[PDB]
Amino acid sequence: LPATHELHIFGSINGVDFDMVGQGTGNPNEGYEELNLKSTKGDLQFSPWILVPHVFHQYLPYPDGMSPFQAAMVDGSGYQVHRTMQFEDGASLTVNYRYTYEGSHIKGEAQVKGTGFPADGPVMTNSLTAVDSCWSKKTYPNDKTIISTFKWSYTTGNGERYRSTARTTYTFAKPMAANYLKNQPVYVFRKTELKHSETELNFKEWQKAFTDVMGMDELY
Amino acid sequence: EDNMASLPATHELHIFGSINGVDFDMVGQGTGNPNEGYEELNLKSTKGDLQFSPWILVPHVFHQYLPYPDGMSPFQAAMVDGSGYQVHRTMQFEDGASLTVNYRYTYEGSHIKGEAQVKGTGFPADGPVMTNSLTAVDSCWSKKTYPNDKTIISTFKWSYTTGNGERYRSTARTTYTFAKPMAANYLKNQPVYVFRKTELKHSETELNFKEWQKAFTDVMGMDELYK
């Protein structure tokens with residue numbers, strides 16, 4: 001179970017290179033995590049909001065014990081993550097995650113590639129103001145894979161929603177225990193907070209999983 | 001087990017009052033699914049164009065539609081018994097504005113008639129409420145406690161989005177007064193967390209409202225997550 005983490009998040013938005021590193025803590029019994037990120041290449045020339053929710057499900061417990069994300073970390077086996085975001089304006093963003101566990105400390109490597117953002121849109125003009133809390137639906141297509149789907153929205157400087165759909169594929173090196181497979185789908189609620197400058201992000205995230213729940217399809 | 005399939009599934013609302021002395025009055029018919037926590041409502045002004053943000057009437061525009069994980073909510077139990085409950089909600093805004101809503105219900109058979117008396121005061125004259133420049137609301141959790149056998153107190157943090165993409169924040173407290181004491185399975189099982197999503201399509205004289213709600217019991221780390 002983890003207490004501390006660090007993130008190296010890097011890549012390009014519309015070919016604009018960015019690199020950010022920082023340290024964080026959390027409570028893996030309550031699904032809380034905190035992160036400070038600093039630009040290693042000066043002022044971000046795009047909305048810092050575009051890095052949310054991408055800026056550690058090792059912090060997410062399940063109702064009656066560890067999440068499969070936690071079980072895989074404790075075992076040492078671990079998991080890789082591929083997220084694809086498809087935006088209402090035709091823009092696309094991909095994030096690849098690689099983790100190492102230097103003790104009870106998680107080291108995150110997040111490779112991001114974003115293309116097709118309109119030059120005068122709110123992402124490239126840094127005019128996004130907020131994000132909404134979000135439900136995700138987690139299914140186990142096989143005993144090695146978790147696919148998470150959610151609908152994501154940013155608020156723009158004009159008070160409109162800037163919408164995207166997301167699919168996250170979790171690939172475990174080692175199968176998930178049998179007693180995870182009997183409980184699907186799994187619905188997770190997440191709230192995030194971001195305080196930011198041009199070079200620094202202060203991120204918080206609260207998350208909670210719900211298992212044998214009826215009438216959650218339209219609601220999520 | 002409770003006869004959930006038989007619960008009333010039609011309602012009407014008469015919502016009226018004033019916002020900074022701007023009088024309004026709307027009447028409309030709705031339907032829903034009390035087994036799945038879904039309700040729909042159409043409202044039409046009886047006094048022409050609303051001269052403030054229709055968003056200010058959300059979430060105020062029927063917890064008779066809300067089931068509990070193992071049966072009737074107390075709201076539905078009180079309706080089925082016939083004793084019923086009354087509602088008082090206070091919204092306190094970041095700019096010092098305040099809004100109160102008093103609800104009274106009567107059950108004309110399977111049909112719920114709600115009367116919602118609204119008084120909003122203290123809104124800045126050139127703010128987004130009085131100038132009709134609010135654009136949206138967020139989905140919201142509420143926490144319900146039972147301070148005594150005839151009372152439910154619900155608290156939540158509410159936010160509107162403004163024309164500038166900022167949050168216009170309020171804190172809310174809703175007190176439910178039951179004419180008859182609530183059953184044992186309610187009082188021993190607290191607090192209750194309710195997640196709600198709303199949809200609003202509106203003109204200056206007509207609102208089309210939708211709400212989805214789901215109650216959760218015996219949940220652990222909800223203290224900060226629900227806010």
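Labels below follow one simple rule: chain letters A, B, ... track the order of the sequence lines, proteins then strands, and each chain is numbered from 1. Scope of the values below: all heavy atoms of this structure, side chains included, with no hydrogens, waters or symmetry mates.
To the nearest 0.5 angstrom, B/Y193 atom OH is 9.5 Å from A/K208 atom NZ. Rounding to the nearest 0.5 Å places OG of A/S133 at 14.0 Å from OH of B/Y226. For the atom pair OG1 of B/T161 and CG of A/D132, the computed distance is 7.0 Å after rounding to the nearest 0.5 Å.
Counting non-hydrogen atoms of other residues, nucleotides and ligands closer than 6.0 Å to NZ of B/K157 gives a total of 12 or fewer. The local environment of CG in A/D217 is crowded, with over 12 non-hydrogen atoms from other residues, nucleotides or ligands closer than 6.0 Å.
Relative orientation of the A/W135 and B/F216 rings is parallel, given thresholds of 30° and 60° on the angle between their planes.
When every heavy atom of B/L225 is checked against every heavy atom of A/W206, the shortest pair comes out as CD1-C, 3.9 Å. In terms of heavy atoms, A/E30 sits closest to B/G221 at OE2-CA, 4.3 Å. Nearest approach of A/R161 to B/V137, heavy atoms of both residues: NH2-O, 2.8 Å.
Proximity of a side-chain donor or acceptor of A/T129 to a complementary backbone N or O of B/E166 within less than 3.5 Å is not detected. A donor-acceptor contact shorter than 3.5 Å links the side chain of A/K191 to the backbone of B/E224.
Proximity to chain B is absent for every atom of A/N27, based on heavy atoms less than 4.5 angstrom apart. For A/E205, no part lies near chain B; criterion is any non-hydrogen pair under 4.5 Å. For a residue to count as touching a neighbouring chain, one of its non-hydrogen atoms must lie under 4.5 Å from one of that chain's; by this rule A/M214 touches chain B with the backbone only. Using a 4.5 Å cut-off between heavy atoms, B/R196 does not touch chain A at all. Using a 4.5 Å cut-off between heavy atoms, B/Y38 makes no contact with chain A at all. Residue A/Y154: no heavy atom, backbone or side chain, is found under 4.5 Å from chain B.
Most heavy-atom pairs under 4.5 Å with chain A: of the set B/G163, B/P69, B/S159, this distinction falls to B/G163.
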